[PDB]
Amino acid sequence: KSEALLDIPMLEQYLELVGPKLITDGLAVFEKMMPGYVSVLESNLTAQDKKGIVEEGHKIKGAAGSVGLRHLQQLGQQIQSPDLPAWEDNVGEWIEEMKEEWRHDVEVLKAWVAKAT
């Protein structure tokens, strides 16, 4: 769903204040960097490197939010929050979930910008 995976209001504002090119430009940079980010999370997880997990989750949180991918930003926030009581149990699922869905979320943003312009 659009309203659920994307930050629609922020996106519509950017279309007006900046235009779609810088969005599609960011998207393209996001898409090429994600593979290495997920890998790093995956590796920090298996090595039981908490600080490492939290560092990469923050990085992805920042990157996703800049392009309006609200849902991925929300996952990165959880991954970077070890004060959450269920962090220990759930961090593995959040990372896997991110792994399986990031490309899909990117395809939804792309369709939206294409329709929105």
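One-based numbering along the sequence shown.
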Inset, instruction - Would you mind comparing 40-48 and 87-95 for me and telling me which has the higher average C-alpha temperature factor in the entry? - result: 40-48
Inset, instruction - Take the C-alpha B-factors listed in the entry for 18-26 and for 98-106, compute each mean, and give the stretch with the larger one. - result: 18-26
Legend entry - Third of chain Cα B-factors occupied by residue 116: highest
Inset, instruction - Tell me, lowest, middle or highest third: where does the Cα B factor of residue 8 rank within its chain? - result: middle
